[PDB]
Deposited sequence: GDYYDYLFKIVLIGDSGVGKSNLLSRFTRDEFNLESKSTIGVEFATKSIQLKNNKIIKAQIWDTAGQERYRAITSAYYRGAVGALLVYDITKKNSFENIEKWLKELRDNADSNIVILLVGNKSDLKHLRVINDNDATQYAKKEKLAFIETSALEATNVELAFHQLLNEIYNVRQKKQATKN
């Protein structure tokens, strides 16, 4: 270590969408076919940020101190996208008002099984005033893009 800043980030969404593998891809560049956390440091002006990222298999305790979150669904499972409103609600009830939130559609490699079209997801994100990006934890597609967008925006909000 040295790190100038510790940013707590929470992953939230239905079981089976890819949260634990988003965590393992970003922090240790690995994929696998109660509550846990992992860390990874990035550098900007030479300023070093330690991302402390969480997921679950304590709601007040889980959200406390979080400065960012990824809201995650599965682009192949309609129910996971419908359930995003509920997870956003739980987040709003329990998180700091200045928390930075990003919508993520995972499993983008399952091209032929898509049920959620990207314009419909973008429409929802804009309504909730969030950025939206599609990822593949399996193929690594856009994983660094999603986490770095989140971390740089938290730094800007903080500064």
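K.L.:
Could you list the ranges of the deposited sequence that have no C-alpha atoms in the model?
P.N.:
Residues missing from the model, as numbered along the full deposited sequence, span 1, 35-40, 52, 66-72, 175-181.
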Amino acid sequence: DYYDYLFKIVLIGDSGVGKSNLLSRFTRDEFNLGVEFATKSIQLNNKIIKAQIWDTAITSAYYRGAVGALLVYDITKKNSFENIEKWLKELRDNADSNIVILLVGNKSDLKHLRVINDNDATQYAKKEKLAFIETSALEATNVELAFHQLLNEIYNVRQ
From here on, numbers count along this sequence of modelled residues.
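K.L.:
State which stretch shows the higher mean Cα B factor in the entry: 127-135 or 24-32.
P.N.:
Comparing 127-135 with 24-32, the higher mean C-alpha B-factor belongs to 24-32.
K.L.:
Out of 116-124 and 60-68, which one has CA B-factors that are higher on average in the deposited record?
P.N.:
Mean CA B-factor is higher for 60-68.
K.L.:
Choose from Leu110, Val104, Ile53, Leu44 the residue with the greatest Cα B-factor as stated in the PDB record.
P.N.:
So the option with the highest C-alpha B-factor is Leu44.
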